[PDB]
């Protein structure tokens, strides 16, 4: 699975939909990014950064009209350089549920209301990708 990787989401994102991304973080990693896309806009951007002011942080944002909105930041960082990870993204009708390494990490309230229109997920950054699928729960 070649990074940058695109995972098509036919029908779009829909409540009860569970996205599982398995992979490994590369050594001396700087950044990782998941991008739930609605055209040229990014509905949900999940962005672990490993060195921002000598600190590790997860930045979440929405890009509407080539402009990034309000940053949602999480200090809780479950990723490590040269270590495998499991990211699980559950779609609910009120928020995105993000779990990493089988423990809930963050919630991301839907800025884009047209969930049937979010038809693509992009996996990019400093990672070796093992598995990318989705199913209903």
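Numbering follows the first chain given and starts at 1.
Item to complete: Determine, for stretches 75 to 83 and 62 to 70, which one has the higher mean CA B-factor as deposited.
Response: Between 62 to 70 and 75 to 83, it is 62 to 70 that shows the higher mean C-alpha B-factor.
Worksheet item: Hey, which bit's got the bigger mean C-alpha B factor in the entry, 29 to 37 or 104 to 112?
Response: Per the deposited B-factors, the answer is 104 to 112.
Worksheet item: Reading the B-factor column of the entry, which of 23, 122, 11, 125 has the highest value at its C-alpha atom?
Response: Highest CA B-factor of the listed options: 11.
Item to complete: Would you mind checking where the Cα B-factor of residue 45 ranks among the modelled residues of its chain, as the lowest, middle or highest third?
Response: Lowest third of the chain for residue 45's C-alpha B-factor.
Worksheet item: Among the modelled residues of its chain, does the C-alpha B-factor of residue 17 lie in the lowest, middle or highest third?
Response: Its C-alpha B-factor belongs to the highest third of this chain's values.
Discussion item. Quick check for you: using the entry's CA B-factors within this chain, is residue 132 in the lowest, middle or highest third?
Written reply: For residue 132, whose C-alpha B-factor we compare with every modelled residue in the chain, the answer is the lowest third.
Worksheet item: Lowest, middle or highest third: where is residue 99 by C-alpha B factor in its chain?
Response: Its C-alpha B-factor belongs to the lowest third of this chain's values.
Worksheet item: Should residue 7 be placed in the lowest, middle or highest third of its chain by the C-alpha B factor in the entry?
Response: Residue 7: CA B-factor falls in the lowest third of its chain.
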